[PDB]
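**Q** One file: coords_33.cif (mmCIF, N, CA and C atoms).
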data_entry
loop_
_atom_site.label_atom_id
_atom_site.label_comp_id
_atom_site.auth_asym_id
_atom_site.auth_seq_id
_atom_site.Cartn_x
_atom_site.Cartn_y
_atom_site.Cartn_z
N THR A 2034 37.81 -52.98 -83.63
CA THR A 2034 36.60 -52.32 -83.15
C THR A 2034 35.78 -53.25 -82.28
N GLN A 2035 35.79 -54.54 -82.59
CA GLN A 2035 35.02 -55.48 -81.79
C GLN A 2035 35.67 -55.73 -80.44
N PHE A 2036 36.99 -55.61 -80.37
CA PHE A 2036 37.64 -55.66 -79.07
C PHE A 2036 37.36 -54.39 -78.28
N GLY A 2037 37.24 -53.26 -78.96
CA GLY A 2037 37.00 -52.01 -78.26
C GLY A 2037 35.59 -51.90 -77.75
N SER A 2038 34.63 -52.47 -78.47
CA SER A 2038 33.26 -52.50 -77.98
C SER A 2038 33.14 -53.47 -76.82
N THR A 2039 33.86 -54.58 -76.88
CA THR A 2039 33.85 -55.55 -75.79
C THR A 2039 34.54 -54.98 -74.56
N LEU A 2040 35.65 -54.27 -74.76
CA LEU A 2040 36.36 -53.67 -73.64
C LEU A 2040 35.55 -52.56 -73.00
N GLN A 2041 34.79 -51.82 -73.81
CA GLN A 2041 33.96 -50.75 -73.27
C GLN A 2041 32.85 -51.31 -72.41
N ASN A 2042 32.29 -52.46 -72.81
CA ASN A 2042 31.22 -53.06 -72.03
C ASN A 2042 31.74 -53.62 -70.71
N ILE A 2043 32.97 -54.12 -70.70
CA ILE A 2043 33.54 -54.67 -69.47
C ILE A 2043 33.87 -53.56 -68.49
N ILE A 2044 34.29 -52.41 -69.00
CA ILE A 2044 34.57 -51.27 -68.14
C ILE A 2044 33.28 -50.74 -67.51
N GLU A 2045 32.20 -50.68 -68.29
CA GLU A 2045 30.90 -50.28 -67.76
C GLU A 2045 30.41 -51.27 -66.73
N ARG A 2046 30.71 -52.54 -66.94
CA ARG A 2046 30.14 -53.57 -66.11
C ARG A 2046 31.00 -53.82 -64.88
N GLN A 2047 32.28 -53.43 -64.90
CA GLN A 2047 33.01 -53.46 -63.64
C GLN A 2047 32.69 -52.25 -62.78
N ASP A 2048 32.25 -51.15 -63.38
CA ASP A 2048 31.93 -49.98 -62.58
C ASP A 2048 30.51 -50.07 -62.05
N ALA A 2049 29.67 -50.85 -62.71
CA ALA A 2049 28.33 -51.09 -62.19
C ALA A 2049 28.37 -52.03 -61.00
N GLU A 2050 29.40 -52.87 -60.93
CA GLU A 2050 29.48 -53.82 -59.84
C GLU A 2050 30.44 -53.38 -58.76
N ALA A 2051 31.36 -52.47 -59.07
CA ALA A 2051 32.10 -51.81 -58.00
C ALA A 2051 31.17 -50.89 -57.22
N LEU A 2052 30.21 -50.29 -57.90
CA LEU A 2052 29.20 -49.48 -57.23
C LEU A 2052 28.27 -50.35 -56.41
N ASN A 2053 27.91 -51.51 -56.95
CA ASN A 2053 26.94 -52.37 -56.29
C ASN A 2053 27.50 -52.95 -55.00
N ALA A 2054 28.80 -53.22 -54.99
CA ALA A 2054 29.44 -53.67 -53.76
C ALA A 2054 29.63 -52.51 -52.80
N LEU A 2055 29.72 -51.30 -53.33
CA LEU A 2055 29.83 -50.12 -52.47
C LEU A 2055 28.51 -49.84 -51.78
N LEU A 2056 27.39 -50.05 -52.48
CA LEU A 2056 26.10 -49.73 -51.90
C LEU A 2056 25.70 -50.73 -50.82
N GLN A 2057 26.22 -51.95 -50.89
CA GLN A 2057 25.86 -52.93 -49.88
C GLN A 2057 26.74 -52.81 -48.66
N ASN A 2058 27.99 -52.38 -48.84
CA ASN A 2058 28.84 -52.10 -47.70
C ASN A 2058 28.35 -50.88 -46.95
N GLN A 2059 27.78 -49.92 -47.67
CA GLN A 2059 27.21 -48.75 -47.02
C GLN A 2059 25.92 -49.09 -46.31
N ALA A 2060 25.15 -50.03 -46.86
CA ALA A 2060 23.92 -50.44 -46.20
C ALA A 2060 24.21 -51.29 -44.98
N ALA A 2061 25.34 -51.99 -44.98
CA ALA A 2061 25.69 -52.81 -43.83
C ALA A 2061 26.23 -51.97 -42.69
N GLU A 2062 26.84 -50.83 -43.01
CA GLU A 2062 27.33 -49.95 -41.96
C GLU A 2062 26.22 -49.08 -41.41
N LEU A 2063 25.20 -48.81 -42.21
CA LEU A 2063 24.14 -47.92 -41.78
C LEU A 2063 23.16 -48.64 -40.87
N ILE A 2064 23.02 -49.96 -41.03
CA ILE A 2064 22.06 -50.71 -40.24
C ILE A 2064 22.56 -50.90 -38.81
N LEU A 2065 23.86 -50.72 -38.58
CA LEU A 2065 24.39 -50.85 -37.22
C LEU A 2065 23.95 -49.68 -36.35
N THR A 2066 23.79 -48.51 -36.96
CA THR A 2066 23.34 -47.36 -36.19
C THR A 2066 21.87 -47.50 -35.84
N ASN A 2067 21.08 -48.02 -36.77
CA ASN A 2067 19.65 -48.18 -36.52
C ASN A 2067 19.39 -49.26 -35.49
N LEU A 2068 20.30 -50.22 -35.36
CA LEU A 2068 20.20 -51.18 -34.27
C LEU A 2068 20.46 -50.52 -32.93
N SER A 2069 21.39 -49.57 -32.89
CA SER A 2069 21.67 -48.89 -31.64
C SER A 2069 20.61 -47.85 -31.32
N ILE A 2070 19.98 -47.29 -32.35
CA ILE A 2070 18.85 -46.39 -32.13
C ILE A 2070 17.67 -47.15 -31.58
N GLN A 2071 17.44 -48.36 -32.08
CA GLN A 2071 16.31 -49.15 -31.63
C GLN A 2071 16.53 -49.68 -30.22
N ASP A 2072 17.79 -49.84 -29.82
CA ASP A 2072 18.09 -50.18 -28.43
C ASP A 2072 17.73 -49.04 -27.50
N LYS A 2073 17.93 -47.81 -27.94
CA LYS A 2073 17.53 -46.67 -27.13
C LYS A 2073 16.03 -46.47 -27.15
N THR A 2074 15.34 -47.01 -28.15
CA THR A 2074 13.89 -46.98 -28.13
C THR A 2074 13.35 -47.93 -27.07
N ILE A 2075 13.96 -49.10 -26.96
CA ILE A 2075 13.53 -50.08 -25.97
C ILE A 2075 13.94 -49.63 -24.57
N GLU A 2076 15.09 -48.98 -24.46
CA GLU A 2076 15.55 -48.50 -23.17
C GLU A 2076 14.71 -47.32 -22.69
N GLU A 2077 14.18 -46.54 -23.62
CA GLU A 2077 13.25 -45.46 -23.26
C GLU A 2077 11.96 -46.01 -22.70
N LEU A 2078 11.44 -47.08 -23.30
CA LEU A 2078 10.20 -47.67 -22.81
C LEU A 2078 10.40 -48.37 -21.48
N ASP A 2079 11.63 -48.74 -21.15
CA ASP A 2079 11.90 -49.23 -19.81
C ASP A 2079 11.97 -48.08 -18.82
N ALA A 2080 12.37 -46.90 -19.28
CA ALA A 2080 12.37 -45.73 -18.41
C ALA A 2080 10.96 -45.19 -18.25
N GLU A 2081 10.12 -45.35 -19.27
CA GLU A 2081 8.73 -44.93 -19.16
C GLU A 2081 7.94 -45.83 -18.23
N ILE B 2179 -10.88 -30.00 22.70
CA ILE B 2179 -10.65 -31.28 22.05
C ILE B 2179 -10.92 -31.17 20.56
N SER B 2180 -11.94 -30.41 20.18
CA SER B 2180 -12.24 -30.22 18.76
C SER B 2180 -11.15 -29.43 18.06
N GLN B 2181 -10.48 -28.54 18.78
CA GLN B 2181 -9.41 -27.76 18.17
C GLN B 2181 -8.18 -28.62 17.94
N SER B 2182 -7.87 -29.50 18.89
CA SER B 2182 -6.72 -30.37 18.72
C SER B 2182 -6.97 -31.44 17.68
N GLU B 2183 -8.23 -31.82 17.49
CA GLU B 2183 -8.54 -32.77 16.44
C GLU B 2183 -8.52 -32.12 15.08
N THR B 2184 -8.86 -30.83 15.01
CA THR B 2184 -8.75 -30.10 13.76
C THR B 2184 -7.30 -30.00 13.32
N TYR B 2185 -6.40 -29.82 14.28
CA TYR B 2185 -4.98 -29.73 13.94
C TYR B 2185 -4.42 -31.10 13.59
N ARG B 2186 -5.01 -32.17 14.12
CA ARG B 2186 -4.57 -33.50 13.73
C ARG B 2186 -4.99 -33.81 12.30
N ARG B 2187 -6.23 -33.48 11.94
CA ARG B 2187 -6.68 -33.74 10.58
C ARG B 2187 -5.98 -32.83 9.59
N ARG B 2188 -5.61 -31.62 10.03
CA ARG B 2188 -4.84 -30.72 9.19
C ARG B 2188 -3.46 -31.29 8.89
N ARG B 2189 -2.85 -31.92 9.89
CA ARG B 2189 -1.55 -32.54 9.68
C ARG B 2189 -1.65 -33.74 8.76
N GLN B 2190 -2.76 -34.46 8.83
CA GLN B 2190 -2.96 -35.61 7.96
C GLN B 2190 -3.17 -35.18 6.52
N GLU B 2191 -3.74 -33.99 6.31
CA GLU B 2191 -3.80 -33.42 4.97
C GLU B 2191 -2.41 -33.07 4.46
N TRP B 2192 -1.60 -32.47 5.33
CA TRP B 2192 -0.24 -32.08 4.98
C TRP B 2192 0.62 -33.29 4.69
N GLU B 2193 0.34 -34.41 5.35
CA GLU B 2193 1.08 -35.63 5.07
C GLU B 2193 0.74 -36.16 3.69
N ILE B 2194 -0.53 -36.06 3.30
CA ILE B 2194 -0.95 -36.51 1.98
C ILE B 2194 -0.41 -35.57 0.91
N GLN B 2195 -0.41 -34.27 1.19
CA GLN B 2195 0.10 -33.30 0.23
C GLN B 2195 1.61 -33.39 0.10
N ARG B 2196 2.30 -33.81 1.16
CA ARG B 2196 3.73 -34.03 1.05
C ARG B 2196 4.01 -35.28 0.24
N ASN B 2197 3.22 -36.33 0.44
CA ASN B 2197 3.46 -37.57 -0.27
C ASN B 2197 3.06 -37.46 -1.73
N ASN B 2198 2.20 -36.51 -2.07
CA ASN B 2198 1.91 -36.24 -3.47
C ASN B 2198 3.09 -35.58 -4.14
N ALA B 2199 3.73 -34.63 -3.46
CA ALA B 2199 4.86 -33.93 -4.05
C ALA B 2199 6.09 -34.81 -4.07
N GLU B 2200 6.21 -35.72 -3.11
CA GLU B 2200 7.33 -36.64 -3.09
C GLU B 2200 7.21 -37.66 -4.21
N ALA B 2201 6.00 -38.13 -4.46
CA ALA B 2201 5.80 -39.07 -5.55
C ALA B 2201 5.90 -38.37 -6.89
N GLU B 2202 5.64 -37.07 -6.93
CA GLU B 2202 5.72 -36.37 -8.19
C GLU B 2202 7.16 -36.06 -8.57
N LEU B 2203 8.02 -35.76 -7.61
CA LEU B 2203 9.40 -35.51 -7.99
C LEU B 2203 10.18 -36.81 -8.17
N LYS B 2204 9.67 -37.93 -7.67
CA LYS B 2204 10.20 -39.21 -8.11
C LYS B 2204 9.77 -39.50 -9.54
N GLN B 2205 8.60 -39.01 -9.92
CA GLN B 2205 8.10 -39.22 -11.26
C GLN B 2205 8.85 -38.38 -12.28
N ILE B 2206 9.20 -37.15 -11.91
CA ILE B 2206 9.93 -36.28 -12.81
C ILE B 2206 11.38 -36.73 -12.94
N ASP B 2207 11.94 -37.29 -11.87
CA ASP B 2207 13.28 -37.89 -11.94
C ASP B 2207 13.31 -39.06 -12.91
N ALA B 2208 12.27 -39.88 -12.89
CA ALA B 2208 12.18 -40.97 -13.84
C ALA B 2208 11.88 -40.46 -15.24
N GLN B 2209 11.32 -39.27 -15.33
CA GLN B 2209 10.96 -38.71 -16.63
C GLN B 2209 12.13 -37.95 -17.22
N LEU B 2210 13.10 -37.58 -16.39
CA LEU B 2210 14.36 -37.05 -16.89
C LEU B 2210 15.28 -38.17 -17.33
N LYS B 2211 15.15 -39.35 -16.73
CA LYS B 2211 15.87 -40.51 -17.23
C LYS B 2211 15.38 -40.89 -18.61
N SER B 2212 14.07 -40.78 -18.83
CA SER B 2212 13.50 -41.14 -20.11
C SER B 2212 13.89 -40.15 -21.19
N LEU B 2213 14.05 -38.89 -20.81
CA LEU B 2213 14.43 -37.88 -21.78
C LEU B 2213 15.90 -37.97 -22.12
N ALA B 2214 16.71 -38.42 -21.16
CA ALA B 2214 18.13 -38.61 -21.42
C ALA B 2214 18.36 -39.74 -22.41
N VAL B 2215 17.48 -40.73 -22.43
CA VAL B 2215 17.59 -41.81 -23.40
C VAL B 2215 17.08 -41.35 -24.76
N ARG B 2216 16.07 -40.48 -24.78
CA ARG B 2216 15.61 -39.90 -26.04
C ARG B 2216 16.68 -39.03 -26.67
N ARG B 2217 17.47 -38.34 -25.85
CA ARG B 2217 18.50 -37.48 -26.41
C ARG B 2217 19.63 -38.31 -26.98
N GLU B 2218 19.93 -39.44 -26.35
CA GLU B 2218 20.95 -40.34 -26.88
C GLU B 2218 20.51 -40.97 -28.19
N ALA B 2219 19.21 -41.18 -28.36
CA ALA B 2219 18.73 -41.68 -29.64
C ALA B 2219 18.78 -40.59 -30.71
N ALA B 2220 18.62 -39.34 -30.31
CA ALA B 2220 18.68 -38.25 -31.27
C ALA B 2220 20.11 -37.94 -31.66
N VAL B 2221 21.06 -38.23 -30.78
CA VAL B 2221 22.47 -38.08 -31.13
C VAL B 2221 22.89 -39.19 -32.08
N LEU B 2222 22.41 -40.41 -31.84
CA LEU B 2222 22.71 -41.51 -32.75
C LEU B 2222 22.02 -41.32 -34.09
N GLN B 2223 20.88 -40.64 -34.10
CA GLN B 2223 20.26 -40.31 -35.37
C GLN B 2223 21.03 -39.22 -36.09
N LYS B 2224 21.71 -38.35 -35.35
CA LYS B 2224 22.55 -37.35 -35.99
C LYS B 2224 23.78 -37.98 -36.62
N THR B 2225 24.46 -38.87 -35.89
CA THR B 2225 25.63 -39.51 -36.45
C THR B 2225 25.27 -40.57 -37.47
N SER B 2226 24.01 -40.99 -37.51
CA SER B 2226 23.53 -41.74 -38.66
C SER B 2226 23.50 -40.86 -39.89
#
What would you get if you wrote out this structure as structure tokens?
**A**
Amino acid sequence: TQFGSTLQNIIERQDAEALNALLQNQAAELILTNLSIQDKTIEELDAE
Amino acid sequence: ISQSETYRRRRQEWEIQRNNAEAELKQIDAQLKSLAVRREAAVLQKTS
């Protein structure tokens, strides 16, 4: 039972960190679009 | 002589009114460039 409680905690804790690495890869891909949006903001002010 | 001078000043008004419309359609051309950049930012916001 003590191995099963330990194994259950490791499964929870690998899924909490597989998610955590997923959320940062998604944040790194999303910031690239906002950089290109902000380039069009600066390019608009050059057109203005 | 007064009639020919009236037609000269009339032409000078028409020159100013032409240059107002010429500067205004240069302004709208630059304002369509600015809107084309706004639309590209709205497309990048969509694919975001």
**Q** Name the residues in contact with segment 2211-2220 of chain B at a cut-off of 8 Å, using all atoms listed in the file, excluding same-chain residues fewer than 4 positions from it; report them as an MDAnalysis selection string.
**A** (chainID A and resid 2069:2074 2076:2081) or (chainID B and resid 2205:2207 2224:2226)
**Q** Any idea what the distance is between atom CA of residue 2204 of chain B and atom CA of residue 2186 of chain B?
**A**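 Atom CA of residue 2186 of chain B lies at a distance of 27.0 Å from atom CA of residue 2204 of chain B.
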**Q** Suppose you want the space between atom CA of residue 2199 of chain B and atom CA of residue 2187 of chain B; what is it in Å?
**A**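 Distance reported for this atom pair: 18.6 Å.
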